[PDB]
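Next up: a single chain in structure tokens, the form deposited in one PDB entry.
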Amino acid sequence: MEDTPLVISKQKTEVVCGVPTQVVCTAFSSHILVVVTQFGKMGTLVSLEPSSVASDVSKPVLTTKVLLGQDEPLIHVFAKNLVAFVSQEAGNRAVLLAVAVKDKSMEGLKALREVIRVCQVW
């Protein structure tokens, strides 16, 4: 059992755009799981995965797929802008995002990235 890897998680609750929001980040070997929940809802699940290999002069293209919940164009844009930096800083691991945020704005998204940053596990 020597060298079993630890599954690492960190959470914070913060008021974001006036609304109480809990963020949890959990690091697996292939994925970072990012959970952003308002009003106790699990929300929509979005898979974000690199679809090209990184180089010295390029970041991987990220493809998004809604796995559960409301599949709307805005959620793909929102997920990508929310957690692209997580994938890129975590060795180009994929991200599994559970996001329950009713009122999406660039304001809330930038505030949420800061909370994610506080909950870094990569």
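Position 1 is the first residue in the sequence shown; the rest follow in order. Only residues modelled in both forms are compared. Take the two forms, find the largest set of C-alpha atoms that superpose within 1.5 Å, and that set is the rigid core.
The same protein has a further form, the form deposited in another entry, not shown here; the description that follows concerns it.
The one residue among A54, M42, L74, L68 whose Cα position changes by 2 Å or more between this form and the one not shown, with the core held fixed by superposition, is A54. Pairwise change in the other form: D56 and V46 C-alpha atoms lie closer than in the shown form, at least 3 Å. Annotation: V53/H31 CA-CA distance longer in the other form than in the displayed model, change of at least 3 Å.
Fitting the two forms on their rigid core shows CA movement of 2 Å or more between this form and the one not shown over runs of at least three residues at 2-6, 52-59.
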